[PDB]
Protein chains: 12
Amino acid sequence: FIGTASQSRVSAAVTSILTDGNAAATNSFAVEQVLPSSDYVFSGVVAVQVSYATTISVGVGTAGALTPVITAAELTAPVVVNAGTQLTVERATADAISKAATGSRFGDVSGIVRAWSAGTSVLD
Amino acid sequence: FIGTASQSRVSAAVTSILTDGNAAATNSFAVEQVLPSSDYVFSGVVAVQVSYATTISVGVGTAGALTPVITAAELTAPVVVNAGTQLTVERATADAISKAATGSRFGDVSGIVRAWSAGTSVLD
Amino acid sequence: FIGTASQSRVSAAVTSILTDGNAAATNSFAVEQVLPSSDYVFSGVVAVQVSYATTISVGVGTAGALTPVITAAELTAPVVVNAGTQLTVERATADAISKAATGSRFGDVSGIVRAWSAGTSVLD
Amino acid sequence: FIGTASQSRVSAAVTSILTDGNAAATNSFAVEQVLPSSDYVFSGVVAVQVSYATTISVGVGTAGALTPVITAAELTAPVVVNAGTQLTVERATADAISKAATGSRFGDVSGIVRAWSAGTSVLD
Amino acid sequence: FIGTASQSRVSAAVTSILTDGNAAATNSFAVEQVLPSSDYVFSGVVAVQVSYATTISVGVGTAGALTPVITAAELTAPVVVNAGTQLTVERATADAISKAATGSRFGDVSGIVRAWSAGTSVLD
Amino acid sequence: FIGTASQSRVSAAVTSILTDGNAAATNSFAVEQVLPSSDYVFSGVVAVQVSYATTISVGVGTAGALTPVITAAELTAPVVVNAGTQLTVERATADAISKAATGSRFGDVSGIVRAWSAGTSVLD
Amino acid sequence: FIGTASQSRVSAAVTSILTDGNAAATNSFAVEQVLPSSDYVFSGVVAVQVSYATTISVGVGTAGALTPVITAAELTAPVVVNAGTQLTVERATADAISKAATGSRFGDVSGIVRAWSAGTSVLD
Amino acid sequence: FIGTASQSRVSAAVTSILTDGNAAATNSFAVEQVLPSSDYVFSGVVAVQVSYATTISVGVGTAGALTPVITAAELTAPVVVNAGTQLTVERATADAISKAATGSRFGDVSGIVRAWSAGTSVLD
Amino acid sequence: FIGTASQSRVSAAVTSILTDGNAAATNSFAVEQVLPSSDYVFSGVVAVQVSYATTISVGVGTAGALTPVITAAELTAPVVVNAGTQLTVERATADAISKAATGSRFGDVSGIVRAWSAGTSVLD
Amino acid sequence: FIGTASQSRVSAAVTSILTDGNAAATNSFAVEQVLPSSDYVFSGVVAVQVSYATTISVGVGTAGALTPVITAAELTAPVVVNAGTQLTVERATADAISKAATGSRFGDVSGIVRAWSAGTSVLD
Amino acid sequence: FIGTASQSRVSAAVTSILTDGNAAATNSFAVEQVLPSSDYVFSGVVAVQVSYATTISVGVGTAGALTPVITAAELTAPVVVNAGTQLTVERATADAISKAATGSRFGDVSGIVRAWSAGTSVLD
Amino acid sequence: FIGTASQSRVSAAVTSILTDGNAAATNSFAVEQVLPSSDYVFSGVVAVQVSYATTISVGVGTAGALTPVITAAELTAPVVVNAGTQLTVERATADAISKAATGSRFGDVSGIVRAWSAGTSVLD
């Protein structure tokens, strides 16, 4: 759980404390997934499952107390292509470059790239 | 629960403490989802479900006390395309670039990009 | 409950402590939703519902004490497009850019963008 | 209840402690709503309702003690467009920009934006 | 009850403790409303009403003790446009900007905005 | 009762403890109103009224003990425009700005605003 | 009763404990008013009145014991414009600004405001 | 009774305990007034009066015991303009500013204000 | 857990504390994987498994207490080629270069590269 | 764990604290692997195994307490050739150079290299 | 552990703290290997082994307490030739130079080297 | 441990803290080796061994406490000729020079050296 500025992220945690008076067991599972937010997003059901074993003892051999532990954990986090249409200057500029390049007007592509990278023009 | 500055986010938590005097069980589930807020928002019913197992004991084999645990948890968080029409300078500038590019006026696209990136003009 | 500076946010919590003298159960549900406040707001009925199970025991098998738990929780938080008309400098500047762009006066768009981004002019 | 600096906000809480000597039940509901205060305000009747279930027991099956719980809660918080006319420098500047833009005097819009963003002028 | 520095705010609370020796009931309702104080104020009658149910028991079914609870609460807080005429520097500056803008003297608007934002002048 | 530094505020509270030996009832009502003190003040009669119901019992149905509760409370707090004439530097500066603006001497308005915001002058 | 540092404030409280051996009633009323002390003061008769009802019983219907309660309370606190003539530096500076502004010597107003806000001069 | 550091303040309290062996009544009235001490002082007769009602009973209707209560209380606290002539640095500085301003020597006013606010001079 | 700014990353941790009163064992496993986010993303089921040994004692030889430890741990993190189609200026420029190079128009490739790297043109 | 900006990296750690009341042992293993991310990535199962010895004592010879230690640790981190097809300007430029070089058009290679390194052309 | 910017690196550490109540021993081993990342990479099993001696005492001769120490440590870090095929401008330029040199076209080699080193041409 | 930018380097450290309650000994060994990375690399088993003496006392002659120290330490770091085949412009240029020199075409060697050192040609 370190990414505070991340834009597309799932975080989950499962914790437990089980006791019968004589024995106790504390278990936790934490997980985190992060995506490049301009390309993919999380959309769907987020799901966690854990698996507790009853084959671990603390004490004297097979006569020890039974203390359940987590030995397997899993996560679902559905990943979907980003499809938002709110406009940024960069996205519109890239779209204009693509439109110029589809017509083989590479001089216009060069002009736009010149204006973007250094703010110049053809006669400058 | 680390993203304080996030603009589109769902957070939820479920906690329980069950006891009968002789045995006790503490369980918790925390989850968080974050979206790129200029592209998607949360709109709909937020839903959480957890699953408690009755097959885990603490003590002596099958004769131990029954301590319920969480072994599955899930979240619904509906995701919807952002469709607000309040005006920003960036959104209007991108729209103007798109309008110029639809008419193959790539000189105007270049002029706007020059003014945005470095605040210059054609004769500068 | 981490977003102190958020402008459009719903927060809710439901807590309970039930006991009959011999057994006890503590349950809580906390949830939070956050929107990009320049685009959407919360307007309508905020509603929470929880679901308590009577199928979980603490003790000896089916003979254990009955301790209700929360296994499902939900939230309604109605989402509505922001439609306030109080004036900001950014909103008016974007509106002027849109007005210039509707008449294909991209030189005026470029001039406004130049003044906004670097505070310059055509002859500077 | 985390937003101390918020300007348009509703907060409410309902708490109860019910006992008959042998059984007890504690219940609480807390909720909070926050708006972008330059765009919307709260004006009208603030209303809360909760729903208590009589179908939950603690003890031995259907023979356990009856402990009421909250399973549904709701809030009304009326939302109204902000319509105050006390003057800020930003609001008047935006109004002047709008007046200039309605007459297609985009040079004056550019001049005001230049003075606002960097405090410059046309000959600077 | 978290906003100590708020300038326009209503706070109220209703509490009760009812007992007949064998059963007891404690109830409370707290509520708070906050406005943007430069735009609106509270002026009028502040009113609170609560609704107590007699349909909730603690004990054995319909034979349990009757413990009244709050299931509905409401608030009136009248909202009125701010109309004070004590002078601030910001309000007078905005008024001067509005006066200049009503005569299409956008150079004077630009001059005032330049002096406000950066403390400069036309020849600086 | 949280605003210690507030300059225009009304606070009131009504409390009661009624008993006949066998049954008892405790009731309280607290309320608070706060104004922007440079614009409005409290001047007039401050009035509180509460309403006690005789339709709530604790015990066995209609045979339970009668325990009065508060179900409605209200407040009067008269609000009046601030009209004090003791001089502050800010109020006099705003008045000078208004006097200059009434004669269309926007250069003097700009000069005063320059001196206030950054302590500069025309030739600086 | 929270404002310790307030300069113009009225505080009052009325308390009673009435008993006939078999029944008892405790009642209290507390109230507080606060003004902006540079603008208004309290001068005149401070007056409190309360209203006790004889229509509330604790016990069995109309046969219960009579326990008087407070159902209405009021306060007079006369408010008068502040008219003290002891000199502060701020008040004299504001008076000088007003004197300069009455003669349209806005350069002197600007000079005084420059010296107050940043301690500068015209040639600095 | 909360203002320990206040310089101009009146505090008073009246208490009584009346009994005839079978019935008893306890009554109290507390009040406090505070002024801005540089502007006004308390000088004159401080007077308190209370009003006891004989129309309130505890018991069985009109046959209950008579228990007097306070239903009206009042205070006189004479308010007089402060007229002390012991010298403070602030009062003398304000007087010098007033003397300079009466002769339209606003440069001297500016010089004194510069020395007070930041400890500077004209050539600094 | 050191990469806060990483865009494609999986983080997980499993912790346990087991005790029977006389002996105790604390175990933890932490793991992290990071990808070049423009090329690959994480999409699929994230899975963790650990293996606890019962062949380690603390004490006197084979007569010591049994303290389980982790001796093997594993992670699944599915890796998938990035396939988002949201437009960047760099991606569109590279696409235009590829289109020009597919037609052996290496002069246009050179022109675009010249505009990108230094913002120049053929006649500059 | 020092590489925060690395793009292709695996990090893992295993920790334990074992005690029987009289003796204790703390063990940890940390490991990290880093690749040149434009050439290789991590894809597959990440696996850790450790080996604990029971042949080390603290105390008096062979009669000392048994304290397990880690004497061997290992890691799997599968390494795979990078095969992402998202476009960079550098990758497309290199591809164009390769295409020109496959046809022995070394003048075009030289032209592209000239435009990349210094932004020049043949006649410059 | 000093190389943060290294692209091909292995880091590992083994730590232990062993005690029996009367004596204690702390041991650590840290190691790091770094390769020129354009030529070689790490691919395979990373392995660490340490050797603890039981022949060192602290105290009185052979009668001192036994404190195990590390006297030998080792690392495996498999080294493999870099074989990634993602394109850089430098790699493609070198490949073109090699292709020209295989055909004894040293004029083309010279031309490419001239364009790379100074961005010139044959007639410049 | 000072070379952060080194490309072929081995670093290792061994530390220990031994105590029996009355005497203590702290020992450390740190070592570092660095190679010219274009010529040689580290490939093989990295090995460290230390030697602890039992012939040093602190105290009164031969009756002092035994405090082990390190008196010999060693390192293995296998050194292997660099044999990577990823292409640099410098390596290809040197290879072309070698190819020309093997055929006694020293004019081509001179031409390549002229283009590398100053970017010139034969007729320049």
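Each chain gets a letter, A, B and so on, in the order the sequences are listed, and its residues count up from 1. Computed from heavy atoms alone, side chains included, the values below leave out hydrogens, waters and symmetry copies.
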Could you have a look at K/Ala24, K/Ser6, K/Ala65 and say which one has the most heavy-atom pairs with chain L under 4.5 angstrom? K/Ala24
Highest number of heavy-atom pairs under 4.5 Å with chain L: which of K/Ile70, K/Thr93, K/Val122? K/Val122
Side chain K/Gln33, main chain L/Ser8, donor-acceptor under 3.5 Å: no
Residue pair L/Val46 / K/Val31, side-chain heavy-atom distance below 4.5 Å: yes
Considering all heavy atoms of both residues, which atom of L/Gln86 and which atom of K/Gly84 are nearest to each other, and what is their separation? NE2-O, 3.3 Å
Between K/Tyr40 (side chain only) and L/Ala83 (backbone N and O only), is there a donor and an acceptor less than 3.5 Å apart? yes
Looking at L/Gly64, L/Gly103, L/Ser121, which one has more heavy-atom pairs under 4.5 Å with chain K than the rest? L/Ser121
Counting only heavy atoms closer than 4.5 Å, note whether L/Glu74 contacts chain K via side chain, backbone, both or neither. neither
On a heavy-atom basis, which atom in K/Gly3 and which in L/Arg9 lie closest, and how many Å separate them? N-NH2, 3.8 Å
Based on non-hydrogen pairs under 4.5 Å, which of L/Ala5, L/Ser16, L/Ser11 is most in contact with chain K? L/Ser11
Looking at K/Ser57, K/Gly111, K/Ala100, which one has more heavy-atom pairs under 4.5 Å with chain L than the rest? K/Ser57
With chain L, which of K/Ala72, K/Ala118, K/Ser51 has the greatest number of heavy-atom pairs at distances under 4.5 Å? K/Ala72
Is there a side-chain contact between L/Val41 and K/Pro36 in this structure, where contact means two heavy atoms from C-beta onward sitting under 4.5 Å apart? yes
Ignoring hydrogens, what is the shortest heavy-atom contact between K/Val113 and L/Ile112? Give both atom names and the distance. CG1-O, 4.4 Å
What's the verdict on side-chain contact (heavy atoms from CB on, under 4.5 Å) for K/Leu75 and L/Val45, showing C-alpha distance, side-chain angles and the deciding distance? CA-CA 6 Å; K/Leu75 173 80; L/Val45 184; over 6 Å; no
Side-chain donor or acceptor of K/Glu90 paired with backbone N/O of L/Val89 under 3.5 Å: yes
Check this for me: does any side-chain nitrogen of one of K/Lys99 and L/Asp95 sit under 4.0 Å from a carboxylate oxygen of the other? no
Looking at every non-hydrogen atom in both residues, tell me the closest pair between K/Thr120 and L/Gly119 and how far apart they are. OG1-O, 3.0 Å
With a 4.5 Å cut-off on heavy-atom pairs, point out which of L/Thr4, L/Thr26, L/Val48 contacts chain K the most. L/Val48
Chain L shares the most heavy-atom pairs under 4.5 Å, among K/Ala73, K/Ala25, K/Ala77, K/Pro78, with K/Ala73
Using a cut-off of under 4.5 Å for heavy-atom pairs, which of K/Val50, K/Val81, K/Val79, K/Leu35 has the most such pairs with chain L? K/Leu35
Quick check: closest heavy atoms across L/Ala92 and K/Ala94, and the distance to 0.1 Å? CB-O, 3.6 Å
Looking at K/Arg105, I want to see if its CZ is surrounded by more than 12 non-hydrogen atoms of other residues, nucleotides or ligands under 6.0 Å. no
Nearest non-hydrogen partners of L/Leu18 and K/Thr67, listed with the distance: CD1-OG1, 3.8 Å
